[PDB]
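*Asks:* what's the 3D shape of this:
(one chain, ligands or ions: 2)
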Amino acid sequence: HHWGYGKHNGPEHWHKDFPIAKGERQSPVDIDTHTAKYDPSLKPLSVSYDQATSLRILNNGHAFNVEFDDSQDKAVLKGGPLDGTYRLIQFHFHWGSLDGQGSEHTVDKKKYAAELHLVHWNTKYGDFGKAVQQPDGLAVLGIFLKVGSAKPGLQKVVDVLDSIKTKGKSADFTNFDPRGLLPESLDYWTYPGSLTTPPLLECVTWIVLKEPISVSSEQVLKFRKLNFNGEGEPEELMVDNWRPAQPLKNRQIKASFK
Ligand SMILES: C[C@@]12CC[C@@H]3C(=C1CC[C@H](OS(N)(=O)=O)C2)CC[C@@H]1CC(=O)C[C@]13C
Ligand SMILES: [Zn+2]
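*Replies:* Numbering: from 1, shown residues only. Ligands and ions are numbered 1, 2, ... in the order given. See the structure here:
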C-alpha cells in the first residue's frame, strides 16, 4: 500500500508515512501575483544547457523521468535567487485527466494543463542524495504548459512514451536538448519549499517561470496514455499526478519582474 495519487493513497494520505507533509515549507503553493513582491536584488536566471547529456527516460509509476549525466559540470542553473551552481539531474511533468487541471503551482488559483520540473542539485553537497538533506540542496525550475500550438522541442519525448507505457520500463534517450522546452522569457517567481512527492523533503529553492509553454492537445493526450501500473496489471491511466497547493505559512514569494 505505497503512496500514489488515488483516493486511498493520494496526497491527503501522505502525512501518515511522511509527516513532513504538514511542515512549514511544503510545495506546491498558489502564487498570488498581487502579493508577490518585486525584488530588484534578484539576478537574471542563468540556464546553461548547451552541454546537457540526456541518457535515459523512465516510467517510475508516478511520472516519466528524463535523466541526465550529472557526473560533470555541464547543464547548470545559477544566478536568479541562487548562491553557487546547481547541476541538472532529471526533468519530469505533472498533468491532468483534462486540460483544466494538472499543474502543481497555481497562479491566482489558475490551474495549467501541466507543469514541467527541471530538478538540479547544489554542487557544494557533491551528489543528489546528500543535497536533499540540506535546506538549499535543490533548485527546481517549474514551467507551466497550456494547450494550443505544438512544442516542437517536446515531440522527441512524446514519441518515446509508447516504449515506457508501464511502471519500471526505461528506454535509451540520448542527445535530448532541454533548451527546446523553455519559454522566451525567464521572468520568474521564487520561494523556499519542498519536493512535491514523498519524501517531501524541505530542500528546494523553487523558481517558477511566469511565461507558459504551449503544447498541442495531441502531445498532452500521449502523456495521458501512460500507465501508473506495471506490465500485466490492471490498467490505471497515469493522469492527475499533481499535488494540490499547500499552505504558504510564514513564506514570501518574490518576483524577478515589475
Ligand atoms: C527528482 C525526482 C524524480 C527523480 C528521482 C527522485 C525525485 C524526487 C521527487 C522529485 O519530484 S518534484 N515534483 O519535487 O520535483 C522528482 C527521487 C530520487 C531518485 C533516484 C533516482 O534514480 C532518480 C531520482 C533522483
Ligand atoms: Zn515535479
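
*Asks:* Please make it C-alpha for all contacts and neighbour counts, starting now.
*Replies:* Fine.

*Asks:* quick one: residue 18 from residue 202, how far?
*Replies:* For residue 18, the distance to residue 202 equals 12 Å [Cα to Cα, to the nearest Å].

*Asks:* Would you mind telling me which of these two has more residues around it?
*Replies:* residue 202 (25 against 16; other Cα atoms under 10 Å).

*Asks:* got a list of what residue 229 touches?
*Replies:* Residue 229 is in contact with 61, 166, 167, 235, 236, counting by Cα atoms under 8 Å, 6 or more residues apart in numbering.

*Asks:* Flag every residue of the stretch 51-200 of the chain that's near ligand 1.
*Replies:* Contacts of the stretch 51-200 of the chain with ligand 1, taken as Cα under 6 Å from any ligand atom, map to 117, 119, 195, 196, 197.

*Asks:* Could you count how many residues lie near the residue lying closest to the second one once chain neighbours are set aside?
*Replies:* Ranked by Cα to Cα, 6 or more residues apart in numbering and with sequence neighbours excluded, the top spatial neighbour of residue 119 is residue 140, at 4.6 Å. Other residues within reach of residue 140 by the criterion other Cα under 10 Å amount to 25.

*Asks:* pretty sure residue 140 contacts residue 115?
*Replies:* No: in this structure, residue 140 is not within contact of residue 115 by Cα atoms under 8 Å, at 11.5 Å.

*Asks:* before we move on, back to that, can you tell me the helix or strand for the residue nearest to residue 119?
*Replies:* strand 138-147 (DSSP states H and E).

*Asks:* Enumerate the positions of the very next helix or strand once past that strand that are buried.
*Replies:* Next helix or strand after strand 138-147 toward the C-terminus (DSSP H and E): helix 155-160. Neighbour-count burial for helix 155-160, counted by 16 or more other Cα atoms under 10 Å, picks out 157, 160.

*Asks:* next one: stretch 163-171
*Replies:* Within stretch 163-171, judged by 16+ other Cα under 10 Å, the buried ones are 164, 165, 166, 167, 169, 170.

*Asks:* ditto for stretch 99-113
*Replies:* 99, 101, 102, 103, 104, 105, 106, 111, 112, 113.

*Asks:* Determine which two of those residues are furthest apart.
*Replies:* Across the buried residues of stretch 99-113, no pair lies farther apart than 99 and 105, at 14.9 Å, counting by Cα to Cα.

*Asks:* quick one on the thing from earlier: show the contacting residues for the residue nearest to residue 119.
*Replies:* By Cα under 8 Å, 6+ apart, the neighbours of residue 140 are 117, 118, 119, 120, 204, 205, 206, 207.
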